[PDB]
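*Asks:* Quick one, fold the following:
(3 chains)
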Amino acid sequence: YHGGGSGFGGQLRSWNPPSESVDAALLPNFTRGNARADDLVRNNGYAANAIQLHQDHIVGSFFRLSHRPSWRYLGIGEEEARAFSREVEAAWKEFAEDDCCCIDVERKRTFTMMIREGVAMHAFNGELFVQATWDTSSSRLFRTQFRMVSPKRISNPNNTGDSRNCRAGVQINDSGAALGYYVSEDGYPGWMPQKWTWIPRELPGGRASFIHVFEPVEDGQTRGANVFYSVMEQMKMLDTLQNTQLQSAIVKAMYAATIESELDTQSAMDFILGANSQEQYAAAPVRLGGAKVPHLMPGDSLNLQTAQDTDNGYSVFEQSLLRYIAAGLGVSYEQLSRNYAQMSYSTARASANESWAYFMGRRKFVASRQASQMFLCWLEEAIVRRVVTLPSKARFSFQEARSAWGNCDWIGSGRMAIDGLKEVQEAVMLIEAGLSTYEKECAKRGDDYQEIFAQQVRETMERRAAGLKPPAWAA
Amino acid sequence: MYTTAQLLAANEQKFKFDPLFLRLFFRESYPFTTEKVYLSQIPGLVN
Amino acid sequence: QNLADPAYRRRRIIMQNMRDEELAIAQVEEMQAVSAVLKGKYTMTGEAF
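*Replies:* Residues are numbered from 1 along each chain as shown, chains lettered A, B, ... in the order given. Okay, here it is:
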């Protein structure tokens, strides 16, 4: 091509990017890249807002679980399948949201909030590390414990030159499949000697010992890259500009007026401004009276500096940069920057729904994956303990049918309404037209049809007993 | 001066060497944990 | 009969070193305190100080 070679008369003649693999492009300065990204997200208001939006929209307040077993594939009657489904759902609802916080080892988290922790960690560091443990304590019915570990906890020991198999703390097979990890102890305080430990990705018995969740851009990408990588400098310089602009405004406004007399400073201040009245260096404090007009002789002049407009394009320039950063992060500019001005309903809806589609995609590709992994890990312990009896006519056992038995998804916060009435009208019209299902609409609203029907029945019978009024579902 | 001079080949013709002794006679590896290394043998001879 | 990795040997060596460092620090403060509430006057001096 023409632009491919050198450019329109040199231009990018001296710019030859070093064609290389993703690992070559990220490993050499992976540590400092993560450090810069976390520093920006930690001490930048916009980045903190972005990560908060991620953790509040990907999952939100609740993370409901819905399991559908592959009864058709497993040759299982649907009634037995759904009985087992409700049993495992009851077990999950009594286990995951346990107030013990004993699902996690540190006892300081709950399931939904650690899901948020994981998705935020993946968002602002490009990868996610979780581990599973079998507690030795016999007090709890379930001995499984969970813990998320920062990627910085996983590194090549001795920080040596990277090897083919051991890749900055991960062991890959001949085909490149990861099988083991190197995780070191906590580094606070880092002055104590630091010790690593090798952990298999999964138990030889099939249990998933460790869970690595990320989106690999290219094959062989052992470690994910945070989304910030493309905008770090262009947001760091932005915040530096904001700080410098604020300081410049302060210094420009702090002088205001000047005096050009010939006499000494204290006498000039006494004769032109006031002050004095000293009870007994520190210049002189001037009394804040009202409407003081002085008298002057030749060689004296009071000049009030006109200063300058303090926002000469700064606001619009930072607005454009915020548009750029919103494009980079994939979230809507209005959400990122608290700017809803002069926006039409249709255009606001378009931006909001495209951002919502992005968020739903990221949810499905991150939170669903990690939730499925941890859910299967817990389910293996559950079936081993035989708390719930798997149907006796299984054509395949759980060991090979992990995916078959673990067929389940999750529902986060639903598509929250922009108008409400339009959405409910769409729901009712689709239902009366038979174009959708109670499952679809309750998922869109963050509900579930089974227990919503149970609640409807309970309220109906309560109203029947009370003799108040039959609601709009009778006979 | 006007010496654009695109290059097309970077031939090395560097070296010709392959151990093959690493696979001929010393297939097994044993890195040390300690410093002192002990090896012995047993002679077989009798009247 | 039961050796150990020289890495672990270094680890325990450093642990012992930190322990004796802490002891040496603590005894300095204890000497400070005994001098202080023993006579009130208290001077600190030494080579290269």
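
*Asks:* secondary structure class for the residue positioned nearest the centre of chain B?
*Replies:* Most central in chain B under C-alpha atoms, centre = their mean is residue B:19, positioned 5.4 Å from the mean C-alpha point. Secondary structure, DSSP: H, G, I helix; E, B strand; the rest coil: residue B:19 is coil.

*Asks:* Quick check: it vs residue A:453, distance?
*Replies:* 75 Å (C-beta to C-beta, to the nearest Å). (C-beta placed from N, C-alpha, C; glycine too.)

*Asks:* and whichever helix or strand residue A:240 is part of, what does it pack onto?
*Replies:* Element membership of residue A:240, judged by DSSP states H and E, is helix A:232-253. Other helices and strands packing on helix A:232-253, by 3 or more C-beta pairs under 8 Å, 6 or more residues apart in numbering or on different chains; DSSP states H and E, are helix A:30-43, helix A:45-57, helix A:314-329.

*Asks:* helix or strand right after the last one?
*Replies:* Meaning helix A:314-329. Note on helix A:314-329: by DSSP H and E, the next helix or strand toward the C-terminus is helix A:333-337.

*Asks:* And the helices in chain C?
*Replies:* Counting by DSSP state H, chain C has these helices, from start to end: C:6-39.

*Asks:* Could you tell me which residues of it lie near chain A?
*Replies:* C:11, C:14, C:15, C:18 (C-beta under 8 Å from any C-beta of the partner chain).

*Asks:* Pick out the most distant pair among those.
*Replies:* Greatest spacing in the residues of chain C next to chain A, by C-beta to C-beta: C:11 and C:18 (10.9 Å).

*Asks:* So between those two, which is more surrounded?
*Replies:* Remark: of residue C:11 and residue C:18, residue C:11 carries more neighbours, 16 against 13, as counted by other C-beta atoms under 10 Å in any protein chain shown.

*Asks:* how about the strands in chain B?
*Replies:* Ranges of strands in chain B, per DSSP state E: none exist.

*Asks:* Show me what from chain C comes close to chain B.
*Replies:* Applying C-beta under 8 Å from any C-beta, we find that chain C lies next to chain B at C:3, C:5, C:6.

*Asks:* just how off-centre is the helix holding residue A:240 within its chain?
*Replies:* Distance of helix A:232-253 from its chain centroid, counting by C-alpha atoms, centre = their mean, to the nearest Å, is 27 Å.

*Asks:* Need the residues of chain C next to chain B in JSON lines (columns: neighbour count and distance to residue A:82).
*Replies:* Output for the residues of chain C next to chain B, formatted as JSON lines (neighbours: other C-beta atoms under 10 Å in any protein chain shown; distance: C-beta to C-beta, whole Å):
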{"residue": "C:3", "neighbour count": "9", "distance to residue A:82": "60"}
{"residue": "C:5", "neighbour count": "10", "distance to residue A:82": "55"}
{"residue": "C:6", "neighbour count": "13", "distance to residue A:82": "61"}
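
*Asks:* What's the local residue count around residue 15?
*Replies:* Just so you know, I chose chain A. Neighbour tally, residue A:15, other C-beta under 10 Å: 8.

*Asks:* Chain C is the one I meant
*Replies:* Residue C:15 has 11 neighbouring residues, counting by other C-beta under 10 Å.

*Asks:* just the one 10 residues further on next, same as before
*Replies:* Counted by other C-beta under 10 Å, the residues lying close to residue C:25 total 10.

*Asks:* swap in residue A:213?
*Replies:* 20.

*Asks:* Can you dump the C-alpha atoms of the helix holding residue A:240 in CSV for me?
*Replies:* The C-alpha trace of helix A:232-253 is given here as CSV (Å, rounded to 0.1, in the frame of the first residue of the first chain):
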residue,chain,number,x,y,z
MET,A,232,-2.9,5.8,31.1
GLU,A,233,-0.7,8.6,29.8
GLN,A,234,-3.6,10.6,28.3
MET,A,235,-5.4,10.6,31.7
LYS,A,236,-2.3,11.2,33.8
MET,A,237,-1.4,14.3,31.7
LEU,A,238,-5.1,15.4,32.0
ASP,A,239,-5.1,15.3,35.8
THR,A,240,-1.7,17.1,35.9
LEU,A,241,-3.2,19.8,33.6
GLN,A,242,-6.2,20.1,36.0
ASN,A,243,-3.9,20.5,39.0
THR,A,244,-1.7,23.1,37.2
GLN,A,245,-4.8,25.0,36.0
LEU,A,246,-6.2,25.2,39.5
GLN,A,247,-2.9,26.4,40.9
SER,A,248,-2.6,28.9,38.1
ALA,A,249,-6.1,30.3,38.8
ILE,A,250,-5.2,30.6,42.5
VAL,A,251,-2.0,32.5,41.8
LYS,A,252,-3.6,34.7,39.2
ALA,A,253,-6.5,35.7,41.5
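
*Asks:* Contacts for that helix next, please.
*Replies:* A:33, A:36-37, A:40, A:44, A:46-47, A:228, A:307-308, A:310, A:314, A:318, A:321, A:324-325, A:328 (C-beta atoms under 8 Å, 6 or more residues apart in numbering or on different chains).

*Asks:* Just read off the phi/psi values of whatever residue of the stretch 1-150 of chain A ends up closest to chain C.
*Replies:* Ranked by C-beta to the nearest C-beta, the top residue of the stretch 1-150 of chain A for proximity to chain C is residue A:149, at 21.7 Å. Residue A:149 adopts backbone torsions of phi -130, psi 130, taken as degrees, to the nearest 10.

*Asks:* what's near enough to touch the closest residue to it other than its chain neighbours?
*Replies:* Nearest in space to residue A:149, with sequence neighbours left out and distances taken as C-beta to C-beta, 6 or more residues apart in numbering or on different chains, is residue A:129 at 4.7 Å. Neighbouring residues of residue A:129 by C-beta under 8 Å, 6+ apart: A:148, A:149, A:150, A:151, A:153, A:154, A:181, A:183, A:210, A:211, A:212.

*Asks:* show me what contacts the fourth one?
*Replies:* Put plainly, it is residue A:151. Residue A:151 neighbours (C-beta under 8 Å, 6+ apart): A:34, A:121, A:125, A:126, A:127, A:129, A:223.

*Asks:* what's in contact with stretch A:284-296?
*Replies:* Residues from elsewhere that reach stretch A:284-296 (C-beta under 8 Å, 6+ apart): A:261, A:265-266, A:269-278, A:302.

*Asks:* Swap in 10 Å and give it another go.
*Replies:* Outside stretch A:284-296, the residues that touch it by C-beta atoms under 10 Å, 6 or more residues apart in numbering or on different chains are A:259-261, A:265-266, A:268-278, A:300, A:302.

*Asks:* Then stretch A:467-475?
*Replies:* A:453, A:456, A:457, A:459, A:460, A:462, A:463, A:464.

*Asks:* any chance of those in CSV, with distance to residue A:53 and neighbour count too?
*Replies:* Below are the contacts of stretch A:467-475 laid out as CSV (distance: C-beta to C-beta, whole Å; neighbours: other C-beta atoms under 10 Å in any protein chain shown):
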residue, distance to residue A:53, neighbour count
A:453, 34, 13
A:456, 34, 14
A:457, 38, 11
A:459, 36, 12
A:460, 40, 15
A:462, 40, 11
A:463, 41, 13
A:464, 45, 13
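
*Asks:* quick revisit: verify the stated contact: the residue of the stretch 1-150 of chain A closest to chain C with residue A:187.
*Replies:* No - at 11.9 Å, residue A:149 does not count as touching residue A:187 under the criterion of C-beta atoms under 10 Å.

*Asks:* In terms of neighbours, single out the busier of those two.
*Replies:* The neighbour comparison of residue A:149 against residue A:187 (other C-beta under 10 Å) goes to residue A:149, with 18 against 11.
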